[PDB]
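Engineer: Input: one structure, supplied below.
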Amino acid sequence: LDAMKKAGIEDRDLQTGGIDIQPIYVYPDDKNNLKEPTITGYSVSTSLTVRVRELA
Amino acid sequence: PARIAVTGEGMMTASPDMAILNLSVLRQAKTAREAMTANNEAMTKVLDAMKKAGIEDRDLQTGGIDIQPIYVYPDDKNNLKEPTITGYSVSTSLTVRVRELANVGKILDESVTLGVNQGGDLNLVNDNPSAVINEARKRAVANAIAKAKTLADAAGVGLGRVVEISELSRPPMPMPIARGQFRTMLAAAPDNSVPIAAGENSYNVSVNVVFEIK
Amino acid sequence: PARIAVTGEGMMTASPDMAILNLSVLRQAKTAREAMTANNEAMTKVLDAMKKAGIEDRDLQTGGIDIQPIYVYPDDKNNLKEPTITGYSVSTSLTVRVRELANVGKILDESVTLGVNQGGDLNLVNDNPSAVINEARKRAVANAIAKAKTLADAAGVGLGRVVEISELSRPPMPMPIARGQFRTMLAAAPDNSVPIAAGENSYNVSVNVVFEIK
Amino acid sequence: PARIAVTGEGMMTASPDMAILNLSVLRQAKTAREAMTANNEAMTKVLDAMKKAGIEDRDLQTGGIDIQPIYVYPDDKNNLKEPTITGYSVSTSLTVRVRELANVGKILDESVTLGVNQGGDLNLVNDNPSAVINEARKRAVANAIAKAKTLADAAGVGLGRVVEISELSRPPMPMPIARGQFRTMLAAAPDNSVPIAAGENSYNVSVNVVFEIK
Amino acid sequence: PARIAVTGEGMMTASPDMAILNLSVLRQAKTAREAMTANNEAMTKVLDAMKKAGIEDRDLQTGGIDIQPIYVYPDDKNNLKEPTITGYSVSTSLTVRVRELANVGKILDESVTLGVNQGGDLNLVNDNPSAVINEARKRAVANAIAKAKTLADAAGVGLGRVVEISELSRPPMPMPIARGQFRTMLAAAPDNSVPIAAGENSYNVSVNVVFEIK
Amino acid sequence: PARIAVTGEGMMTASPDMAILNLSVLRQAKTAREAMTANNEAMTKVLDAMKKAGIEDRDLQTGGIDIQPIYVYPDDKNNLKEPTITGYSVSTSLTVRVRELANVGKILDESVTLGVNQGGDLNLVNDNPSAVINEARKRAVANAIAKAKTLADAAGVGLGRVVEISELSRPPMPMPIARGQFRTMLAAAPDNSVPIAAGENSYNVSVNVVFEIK
Amino acid sequence: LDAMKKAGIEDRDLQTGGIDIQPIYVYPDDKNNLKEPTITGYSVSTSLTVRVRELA
């Protein structure tokens, strides 16, 4: 958003929120001997919307 | 040129005296370089646990590196409308020969607790099979001779010298004895001997012998 | 004439010495001519990067090229009923021979970094299989003889010269040892060598030979 | 008599030089006789624009004609509910032999300008395939005598004269590489000749030899 | 005894000379008898139009009468049981051979304004292939000859008398060349004869030669 | 023993000079006995109409009686919940050879009006085909000789005596010339001759000849 | 086999061997929150054949 607020869009045209968080797995294959998956980390995103005034 | 020609077939069964565990150590990094250095490490560790858990060196082996990228996949809240790569998982295989088949328990459990694997599915051999085949052979040819001799009286002719033996057959992988493969063996077993049972390996042999008549 | 004729095969497994990457170059530009140009360029870029990165010229090679038209296809506000050609992607491919394993990560992660693609696609080998193969070949022959002797004893006949040898088999493949081959491979193991690891590579040969009966 | 009979297999792999391309020029009419000329000249339009980007005559050839009706297709107006002939459309193929790789975008975008293609099928063979083949061939035979010898040496015999060569196998095809060829290609490549690589033409020849045993 | 066995292909390509249109001419009547002559008459009408249209009595052929019912099929306003025969329809086939290829559009067009449809179906052929076909034979032998030369050498033997030649294969036939057949052709084609183009016909001969090794 | 061995193939086409009508008289009774006596009657009648319609006796033939029960079937208002037998239909076949192919019309229509049948589908032969085959043969063998002579110069050897001719092939049913079977003939026709057309019968022959070399 | 050797079949009519050993899992359900299965123990059998002479 720093990059945006500099990129030219005011604090009134920006919004955040809606965290999302879920595993990241290692899936069974040739070289399996893993049972179904196993959790190698996590992955996280929040959504952020940007409102571009001045269509051009 | 008058010959009699028969197929002989041998029979041999046996009890696994071994176990062989196939295992995979895989640990993961955000890059590949450190992928292995982390596996390679986790490895000499797990390897060691084993020598001290009481395994001889003649009974251990390795190789089989595998490098697989690790991605993230679309859901509610995601992008590239798709998966994109976040790391690598590196897995190597180490096999272990458990001699003294009564020791598999000690050596099996200790594995589930090294985080190595939930496999190690039934795999058991006899490690001097060569000796067993070789008998099965002898029964085979020796058996063929029996047929031969039978046929030649039944036709009232003499059984002569052996002109051709041939084994052009695909050699005998050993035989776990399956469910519906049940009676085949029973049926196909040798007479006047001690019985057979599932989980027994069994080695057959087919041979062709040709004797000249008179 | 009198002859005893058998087949034999022996086989050989080895954990891999190397890794070979098939890597390629995405560059595309709105006509063909500067498509290849922009390629040729972003290529020689990577090469210098590879060499400096540690590997030799004998150890990396290239060639072959395809320019595929790049399109726009119908959608919303596409009053186009069907596709036109908005550019070209030209890409070609470069193989990277990585001798010395513990390097593979450092070099793969440059396939990540600069360009390239997903890949490495798990390509391993041993530098010269040519040698491993031959030992197979040799174990197979001597194995054949082994059989012959047994049979000959069982039938009470000594064995003569070798009247003939045949390998009309399609040449051997490095059929890798994987799950499905776990057992089958284990089955063909020459006895009391080191066991095999999953991920190893199995070279295997089968050959027929024919002896006179002494 | 005695002998060893083996199939040797040589192989060679190469790098496209020329790029041959098939483009076809089609114009239309209300009629055959009329539009056929509309093609006949529009040809020598581009037969020219080709020497003017500088393609030789040795490098330009054509033939074959396709004259076929164009119809008009029922929707909501339609009628006689079939379609019916509003004219003819004639094509002719001209092919363009383009040597010098990096020079091909030139003579390719020359197309998209004049019609005649969308994208190219872009087929690239090489200088004298008869040449590469011919060495995969020599390689093959050599590889056979090689094989035979490993065999005799292991079997305790001598290797004699060649009493038979043959290859009646169906003659070899330039054989470019896919990703599935992956490994299966790595197999056959002479050890330590240039590492192989995608898009390369691959030529196998396979050959059968019998030497007498001594 | 000692020999070498090769096959080799021979390969020759040609553009079309003529075109040959199959044209069927049908009219129809409430009964056979009348349909037949109603045809005959209109028939004679059309070749007259051709013989004037510029094609000699040597370029025209007739024959192959065909005659079948014409029905009224059951519908809303049926009360007819299955169909009922409202007349007959008759056609004879007549083929026209257009020499001088640039004269097709002329003739093709006429063949329509007179009825008969069947656009020229791109049956452009050539008349004496026998020389072209024959050429490919001559090719094929001499190829396979130069194939044994190669073989004898790399195996170090001298290549002797020709003991056998045979062409038993499915006879040489004008397989024309189009999109799918691209690579497999130019790949299998003569080096530095002209380049090869779509729409051409191609004649392959394949034979088998056996020389005495000595 | 040095030979050259080739397949020859002949070609012959032709215009049906005949027609052959296959017809069925079936009339029906409430019993079988009177089934035929009613057919047998309706027969000698229709037979006669034909001799007087101008057909020779050499051109007529019969046989093929067929007796089929005739039932009634369930609906709204019926019983046995089923079909039950009410009579018999008896049908015999009479075939007629129309010579003078221009006379089929007169003889066809007169049939639809005897109530005989709505068949008589296109069936036309030439009735001295033996003479045509025989040529096709001569071209075949004569053609093989051509190949032979070709091959032996191209290898620079002499064409000798004829040691084996063989025709083990399934003999030549005649060939109506179909739609997509179109070019096969065109392609496969003899050089320097008058063209071919649909509805033409065509007779091919394949023969094997083997000459000794020198 | 003790029970058999007493049940009347000689040491010549009995055979053993063919060990088999595999996990035992707890499979995911309503009250899952377990990912695929998880290993709650193991189960072991050996095969033993008995040869009944005297068909009756």
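Residue numbers start at 1 in each chain; chains themselves are named A, B, ... in the order of the structure tokens; ligands are numbered from 1 in the order shown.
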Residues within 12 Å of segment 1-13 of chain G, please, as a PyMOL selection string. Count only C-alpha atoms; anything in the same chain fewer than 2 positions from it doesn't count.
Structural biologist: (chain B and resi 192-197) or (chain G and resi 15-16+47-54)
Engineer: I'd like the neighbourhood of residue 157 of chain D as an mmCIF file with N, CA, C and O atoms, in the first residue's frame, where a residue qualifies if any of its atoms comes within 9 Å (using only C-alpha atoms), though same-chain residues fewer than 6 positions away should be ignored.
Structural biologist:
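Below is the file selection19.cif, written as the result:
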```cif
data_model
loop_
_atom_site.group_PDB
_atom_site.id
_atom_site.type_symbol
_atom_site.label_atom_id
_atom_site.label_comp_id
_atom_site.auth_asym_id
_atom_site.auth_seq_id
_atom_site.Cartn_x
_atom_site.Cartn_y
_atom_site.Cartn_z
ATOM 1 N N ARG C 161 31.472 -77.943 -25.277
ATOM 2 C CA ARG C 161 31.871 -76.619 -25.668
ATOM 3 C C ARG C 161 30.587 -75.822 -25.576
ATOM 4 O O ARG C 161 29.547 -76.376 -25.256
ATOM 5 N N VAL C 162 30.639 -74.518 -25.815
ATOM 6 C CA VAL C 162 29.409 -73.761 -26.016
ATOM 7 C C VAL C 162 29.241 -73.749 -27.512
ATOM 8 O O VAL C 162 30.127 -73.310 -28.244
ATOM 9 N N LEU D 151 30.618 -61.038 -24.752
ATOM 10 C CA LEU D 151 29.976 -62.329 -24.605
ATOM 11 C C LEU D 151 30.983 -63.424 -24.691
ATOM 12 O O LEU D 151 31.102 -64.203 -23.769
ATOM 13 N N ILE D 213 31.950 -68.745 -33.602
ATOM 14 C CA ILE D 213 32.710 -69.004 -32.363
ATOM 15 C C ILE D 213 33.944 -69.861 -32.631
ATOM 16 O O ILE D 213 33.865 -70.748 -33.466
ATOM 17 N N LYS D 214 35.068 -69.625 -31.943
ATOM 18 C CA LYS D 214 36.325 -70.313 -32.299
ATOM 19 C C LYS D 214 37.065 -71.008 -31.142
ATOM 20 O O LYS D 214 38.009 -71.798 -31.372
#
```
Engineer: Could you list, as a list in words, every residue within 12 Å of residue 70 of chain D, counting only C-alpha atoms and ignoring same-chain residues fewer than 4 positions away?
Structural biologist: residues 27, 28, 29, 30, 31, 32, 83, 84, 85, 86, 87, 88, 89 and 90 of chain D; 119 of chain E
Engineer: At a cut-off of 9 Å, using only C-alpha atoms, what residues contact residue 46 of chain B? Leave out same-chain residues fewer than 6 positions from it and give the result as a list in words.
Structural biologist: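 Using only C-alpha atoms, the neighbours found are residues 25, 111, 114 and 116 of chain B.
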Engineer: Name the residues of segment 1-213 of chain C that fall into helix (DSSP H, G or I) according to DSSP on the backbone, using the chain letters and numbers of this document, as a ChimeraX atom specification.
Structural biologist: /C:33-52,101-114,129-155,182-188
Engineer: Could you list, as a PyMOL selection string, every residue of chain F that has an atom within 9 Å of an atom of chain E, counting only C-alpha atoms?
Structural biologist: chain F and resi 1-9+14-16+102-109+118-124+147-148+150-155+157+176-177+182-184+186-188+190-201+208+210+213
Engineer: Distance cut-off 10 Å, counting only C-alpha atoms - which residues of chain G neighbour chain A? Return them as a list in words.
Structural biologist: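 Every residue meeting the condition is included here: residues 35, 36, 37, 38 and 39 of chain G.
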Engineer: What are the DSSP strand (DSSP E or B) residues of segment 62-119 of chain E, as a list in words?
Structural biologist: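 In segment 62-119 of chain E, DSSP puts these residues in strand (DSSP E or B): residues 66, 67, 68, 69, 70, 71, 72, 84, 85, 86, 87, 88, 89, 90, 91, 92, 93, 94, 95, 96, 97 and 98 of chain E.
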Engineer: Please report the interatomic distance between atom CA of residue 91 of chain F and atom CA of residue 39 of chain F in Å with one decimal.
Structural biologist: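 Calculated distance between atom CA of residue 91 of chain F and atom CA of residue 39 of chain F is 7.0 Å.
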Engineer: To one decimal place in Å, what is the distance between atom CA of residue 13 of chain B and atom CA of residue 14 of chain G?
Structural biologist: 14.6 Å
Engineer: Residues of chain A near chain C: apply a cut-off of 12 Å, count only C-alpha atoms, and supply the list as a PyMOL selection string.
Structural biologist: chain A and resi 29-33
Engineer: Work out how far atom CA of residue 43 of chain D is from atom CA of residue 55 of chain D, in Å to one decimal.
Structural biologist: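 Value for the atom CA of residue 55 of chain D-atom CA of residue 43 of chain D distance: 14.9 Å.
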